[PDB]
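Residue-level structure breakdown
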Amino acid sequence: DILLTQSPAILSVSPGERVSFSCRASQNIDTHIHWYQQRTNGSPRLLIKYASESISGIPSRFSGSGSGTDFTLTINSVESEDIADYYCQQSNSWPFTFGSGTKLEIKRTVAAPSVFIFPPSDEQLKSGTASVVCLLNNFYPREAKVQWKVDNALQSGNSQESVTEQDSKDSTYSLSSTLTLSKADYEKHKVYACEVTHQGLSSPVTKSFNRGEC
Amino acid sequence: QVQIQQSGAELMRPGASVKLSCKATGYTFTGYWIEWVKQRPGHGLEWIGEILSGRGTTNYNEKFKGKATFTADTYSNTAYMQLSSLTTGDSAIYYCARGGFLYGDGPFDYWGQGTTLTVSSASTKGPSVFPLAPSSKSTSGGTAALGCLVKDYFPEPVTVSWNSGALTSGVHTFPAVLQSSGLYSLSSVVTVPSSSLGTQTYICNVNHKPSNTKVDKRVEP
Amino acid sequence: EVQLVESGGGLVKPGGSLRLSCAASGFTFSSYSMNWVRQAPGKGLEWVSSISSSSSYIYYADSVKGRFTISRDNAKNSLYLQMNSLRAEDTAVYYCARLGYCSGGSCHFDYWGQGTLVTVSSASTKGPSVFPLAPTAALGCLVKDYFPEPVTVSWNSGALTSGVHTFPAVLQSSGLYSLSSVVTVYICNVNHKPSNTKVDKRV
Amino acid sequence: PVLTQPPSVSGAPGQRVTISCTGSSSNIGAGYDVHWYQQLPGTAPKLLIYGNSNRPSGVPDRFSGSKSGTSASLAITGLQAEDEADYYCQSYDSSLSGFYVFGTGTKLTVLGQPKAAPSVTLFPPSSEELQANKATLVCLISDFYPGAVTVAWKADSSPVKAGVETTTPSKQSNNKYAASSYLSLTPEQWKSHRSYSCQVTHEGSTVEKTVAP
């Protein structure tokens, strides 16, 4: 198959910036490249056909230019509705393949995460499973590391994370890490701490609580 | 006007098969290629194959031959896709889109809304809601944090409101994750003034329509 | 500007082969579908073949489906048409036509080349047979079954010019031309130089 | 299969003419768009109307197009001498294996001359030709305008479809047009009938000439 690699996996824009991302082919492809935009919870939308030809119904800011193996889509002045995923598609040979995608976000001033910790409720304890929830609130950028330490022991393969979409109002993100242990394993230890390292932090912040000690 | 309407969501068990539909109106059906694209949640697009509207000739991706089967009925202006021997890995959103007229080399012109297919052995079950009580030490920014843990439910989705819709500001309902047990889990948190923990009363309204379950959970220090 | 120059046509015998070439310029060739359209002499237009931008999608007319092969080379900006087992009804001007961009409902042919002629006739050089059309009355001479054009006719060695009307020739099914000259008011001077035949008939 | 177009359409300069174009339930009737091409003598077809009614850059607003049902039409106002050409409609047909379908074509004549009926002069097989065991009927058609005719041969009252070949109209020196038709017959078939007739058709009228052994 033909491989299309889109170089900036994530790109941060500001309303009005002149932006461009790339799509590189594994072999020669001539001009058989189309571009699609996909907003969150939406369907792909045709933007540019055959590398550079425009589509009726698309604002004039969108335009493509590449040929051969390198391809580029440019938005000459980013608007808010341009915050979406962008996929390139080749039509030169079967099977048709898409690029890995390029995600646009909104750039804002760096913000540190407000960290919180939540012990498992006594009601959940009575069922046989404990869930400890570490919450990171309204930070930027999205990159963050959450380490789970139980009695100074790093845990692996027992926590799942989840990140909201970028807030439309303040352009921040939120994260939630849920450490899951059995009721037996939960009561065997005492110190439960989640370690949060983020760009808006001079050093990692730790949020901890001792079991049964309210 | 060109409309491409797809079938509704499908919840299937492993081993069975499902037929996805793609009705295309607003233009002359015969002559256009109809394309099928697969998108796993949080991943990119993936081309399954194509079918000619009038003549029914099919071209399949090497990855999907034997799993996807394209059919079309000129009389109802509808294209179909049959997904056989269903795997949990087949769980994705499936798009159909009108391709080029006569030439499938053209761009994907008019996309459908997509069809979400979930394949799982789990049985549908209402969620257990547990409180995320605000900490005793709540002066972390003169702001407290509370919420509900919506644990062990299948299938998607759940709707979480706060104070019957009266509390919306500062509410973060995280996207659901699939636990190892095959059941989905979710958390909905909110930040409130630390001076209002004694006066104000916070209830999360958790609804799970596929199980006909509704749960109100009060959280308090 | 957009430019399409067809070439490779010519005279061929029933059952022979030709290979047409269309040279494109002035546009991004690899981003368009190309077509071949032919026009028989004094007749209409007939779509022959079509090829997509990546060549993966190819169509033919039912009358040429088994003998014709369309192809393209985007690096050479060229479009090709292979024709084997040519019949007489394949005689036409073959046009190169670009498939233009449109919204929907099948697009148009936005640019055409000037065309390349293709003649499938057999029939070698042959001298004209002259017969007299017997009778102000009208009298003339009949130039029957010759090959090829042109045949020139005069009356009374170029002296009689008032009232002479030489009608253009017909091509029969045998591939042989035939015309007639008439006068309104006698010797007619028929001449065919490809065959070096000069006849003079009295009416 | 083709789209039906009138062979000839004529109108005075400055006036208005329409060119019809009809198809079937599998092309124009199926919802496919109709396009129009203009072809000047000795030149390639040039795009005139695309997408039923739209006008490419360079084509004046005197050209317009419409389509309804299984029919399409090209309307031309303010007729000019430069409009004299052949006009083709075109669509797509889903029948057979799918194919682009063209109209038969229409000759547009801008009347710069009063209409003229064709003068038919018919000739028999010469005495020297029957001795060669042949028989050819010569129908010379001259001095008609606009340049479009239709020839039919009649043996007694029945028609004759075999052995008939007719040239295309040719521009005379006086801007009128000339054509000719030929009937290849056998010396026995020339005598086995009582008479032979050559019938040319020009617009509404029909000029006829007869020849007999």
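Residues numbered from 1 in each chain as written, not as in the entry; some residues may be left out. Chains lettered and ligands numbered in written order. Heavy atoms only, no water. Residues with missing side-chain atoms left out of burial classes, pairs and counts.

Header annotation of the entry names X-ray crystallography as the structure determination method and lists the resolution as 2.67 Å.

1. Some thoughts on the environment of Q6 of chain A
All names here are of chain A. This is how the line gets drawn: Under the scheme used here, helices are H or I runs from DSSP no shorter than 4 residues and strands are E runs no shorter than 2 residues, and both carry numbers assigned from the N terminus. Throughout, a residue-residue contact means that at least one pair of heavy atoms, one from each residue, lies within 4.5 Å. Polar contacts, as counted here, are pairs of nitrogen or oxygen atoms within 3.5 Å of one another; within protein the pair requires one atom able to donate a hydrogen and one able to accept it, and residues that are adjacent in sequence qualify only if both atoms are side-chain atoms.
Tracing the backbone shows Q6 in the loop between β1 (4–5) and β2 (10–13). Taking C-alpha positions, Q6 is 6.3 Å from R24, a pair spaced 18 residues apart along the chain. If near-sequence neighbours (up to four positions away) are discounted, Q6 is found in contact with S22, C23, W35, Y86, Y87, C88, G99, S100, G101 and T102. Polar side-chain contacts of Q6 include one of 3.4 Å to the backbone oxygen of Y86. In terms of polar contacts, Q6 uses its side chain to reach the backbone amide nitrogen of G101, at 2.9 Å.

2. A word on the domain arrangement of chain C
Going by this rule: Where each domain starts and ends follows an automatic or database-derived domain assignment.
According to the domain assignment, chain C consists of domain 1 (3–120) and domain 2 (129–202). Just the C-alpha atoms count here: the centres of domain 1 of chain C and domain 2 of chain C sit 39 Å apart.

3. Describing the interface of chain D and chain C
Just so we agree on the cut-off: Following the grouping adopted for this structure description, the nonpolar residues are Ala, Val, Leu, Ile, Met, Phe, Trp, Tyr, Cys and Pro, the charged ones are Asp, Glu, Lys and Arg, and the polar ones are all others, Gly among them.
Counting from both sides, the interface comprises 44 residues of chain D and, opposite them, 44 residues of chain C. The set of elements that each furnish at least two residues to the side of chain D that touches chain C consists of β3 (35–39), β7 (86–93), β8 (99–102), β10 (119–123), α1 (127–131), β11 (135–144), β14 (164–166) and β16 (177–185) of chain D. Each residue belonging to the side of chain D that touches chain C can be placed in one class, and the counts come to 21 nonpolar, 18 polar and 5 charged.

4. Side note on the pattern of salt bridges
The line we're drawing: When a carboxyl oxygen of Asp or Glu lies within 4 Å of a side-chain nitrogen of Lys or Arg, that pair is called a salt bridge. Only protein chains enter the accessibility calculation, which uses a 1.4 Å probe; a residue whose area is less than 20% of its type maximum is buried, one above 50% is exposed, and one in between is partly exposed.
A complete count under the given rule lists 21 salt bridges over all chains for this structure. The partner of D70 of chain A in a salt bridge is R24 of chain A, with the nearest N and O atoms 2.8 Å apart. Residue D70 of chain A is found in strand β8 (residues 70–75), and its partner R24 of chain A is found in strand β3 (residues 19–25); the two are separated by 46 residues along the sequence. Residue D70 of chain A is classed as partly exposed on the basis of its relative accessible area, which comes to 38%. Two residues, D152 of chain B and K151 of chain B, come together in a salt bridge whose shortest N-O distance is 3.6 Å. When sorted by exposure, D152 of chain B lands in the same class as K151 of chain B, which is buried. Here the salt bridges do not stand alone but share partners, grouping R39, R61, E81 and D82 of chain A into one network.

5. Comments concerning the state of the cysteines
Selection criterion: For this text, the term disulfide refers to a pair of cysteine sulfurs within 2.5 Å.
One pass over the structure, following the stated rule, counts 9 disulfides over all chains. What pairs with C22 of chain C in a disulfide is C96 of chain C, and their sulfur atoms sit 2.0 Å apart. Every disulfide takes its handedness from the sign of the S-S torsion; for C22 of chain C and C96 of chain C that torsion is -90 degrees, giving left-handed. In this pair, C22 of chain C is assigned in strand β3 (residues 18–25) and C96 of chain C in strand β9 (residues 92–99), connecting sequence segments 74 residues apart. For the pair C22 of chain C and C96 of chain C, a shared accessibility class is recorded, and that class is buried. Across the disulfide from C139 of chain D sits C198 of chain D; the S-S distance is 2.0 Å. Between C139 of chain D and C198 of chain D the sulfur-sulfur dihedral comes to about -95 degrees; the bridge is accordingly left-handed.

6. Section: unusual backbone geometry
Of note, the amide linkage connecting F154 of chain B to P155 of chain B takes the cis form, showing an omega dihedral of -10 degrees. Following the sequence through the fold, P155 of chain B ends up in the loop between β13 (143–153) and β14 (159–162). The linkage connecting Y145 of chain D with the following residue, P146 of chain D, adopts the cis geometry, with an omega of 0 degrees. Despite not being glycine, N163 of chain B has its phi angle at roughly 55 degrees, a positive value. Residue placement: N163 of chain B occurs in the loop between β14 and β15 (171–173). Since its relative accessible area comes to 17%, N163 of chain B is described here as buried. Unlike most non-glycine residues, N133 of chain D shows phi in positive territory, near 60 degrees. Along the chain, the position of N133 of chain D falls in the loop between α1 and β11.

7. Regarding the pairing of β16 of chain D
Residue and element names in this part refer to chain D. Threshold: Note on pairing: DSSP must find at least two bridges between two strands before they are called paired.
The pairing of β11 with β16 spans 8 bridges and is classified as antiparallel. Looking across to β16, one finds that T136 is bridged to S184. For β14 and β16, the ladder comprises 3 bridges, and the chain directions are antiparallel. Of the residues in β16, the one forming a bridge with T166 is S181. Inspection of the sheet shows strand β15 (residues 170–171) paired to β16 by 2 bridges, in the antiparallel sense. Bridging from a neighbouring strand, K171 pairs with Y177 of β16. Where β15 hands over to β16, the hairpin turn is made up of 5 residues, of which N175 adopts a positive phi near 65 degrees.

8. Details of the sheet that holds strand β8 (residues 78–83) of chain C
All names here are of chain C. Inclusion rule: Axis geometry follows a simple rule: fit a line to the C-alpha atoms, using only the stretch in contact for helices, then measure angles between N-to-C directions, giving values from 0 to 180 degrees.
Taken in spatial order, the 4 strands make up an open sheet running β1-β3-β8-β7, and their pairing is antiparallel. In this open sheet, the two strands that pair with only one neighbour each are β1 (3–7) and β7 (68–73). The sheet shows a mean angle of 15 degrees between the axes of neighbouring strands, taken without regard to direction. Note: β1 against β3, 5 bridges, orientation antiparallel. Bridge pairing links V5 to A23 in β3.

9. A word on the domain arrangement of chain D
All names here are of chain D. As a reminder, the rule being used: Buried area: the accessible surface (1.4 Å probe) lost by two parts on joining, summed over both.
Looking at chain D, the domain boundaries give domain 1 (8–110) and domain 2 (119–211). Each of domain 1 and domain 2 has a C-alpha centre, and the two are 32 Å apart. Tallying the contact residues gives 6 residues for domain 1 and 6 residues for domain 2. Carbon and sulfur atoms make up 51% of the area that domain 1 and domain 2 hide from each other, which totals about 390 Å². Taken together, domain 1 and domain 2 are joined by 0 salt bridges. Of all elements in the fold, only β1 (8–11) and β9 (106–110) reach the threshold of two or more residues within the side of domain 1 that touches domain 2. Among the elements that line the side of domain 1 that touches domain 2, the one with the most residues is β9, at 3 residues. When the residues that make up the side of domain 1 that touches domain 2 are grouped by side-chain class, the tally is 1 nonpolar, 3 polar and 2 charged.

10. Observations concerning the interface of chain A and chain C
The partner chain C presents 10 residues to the 10 residues of chain A that form the contact. Taken over both partners, the interface formed by chain A and chain C buries close to 820 Å², and the fraction arising from carbon and sulfur atoms is 47%. Connecting chain A to chain C are 7 residue pairs in polar contact. Of the residues that constitute the side of chain A that touches chain C, the class distribution is 3 nonpolar, 4 polar and 3 charged.

11. Quick word on the environment of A40 of chain C
Within the element layout of this structure, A40 of chain C appears in the loop between β4 (33–39) and β5 (45–51). If we ignore the near neighbours within four places in the chain, the residues touching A40 of chain C are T91 and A92 of chain C.

12. Describing the side chain of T97 of chain A
Residue and element names in this part refer to chain A. Tracing the backbone shows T97 in strand β10 (residues 97–98). You can call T97 buried: its relative accessible area is 13%. Not counting the four nearest positions on each side in its chain, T97 is found in contact with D1, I2, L4, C88, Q89 and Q90.

13. Quick notes on the arrangement of the chains
Pairwise contact counts over the 5 pairs of chains in contact peak for chains C and D. You won't find any contact between chain A and chain D; their C-alpha atoms come no closer than 15 Å.

14. Details of the sheet that holds strand β14 (residues 151–155) of chain C
Residues and elements named next belong to chain C. Read across the sheet, 3 strands follow the order β14-β17-β18 without closing on themselves; strand pairing throughout is antiparallel. Looking at the sheet topology across the chains shown, the edges are occupied by β14 and β18 (197–202). Mean inter-strand twist for the sheet, computed between neighbouring axes without regard to direction, equals 15 degrees. Across 6 bridges, strand β17 (residues 187–192) lies against β18 in antiparallel orientation.

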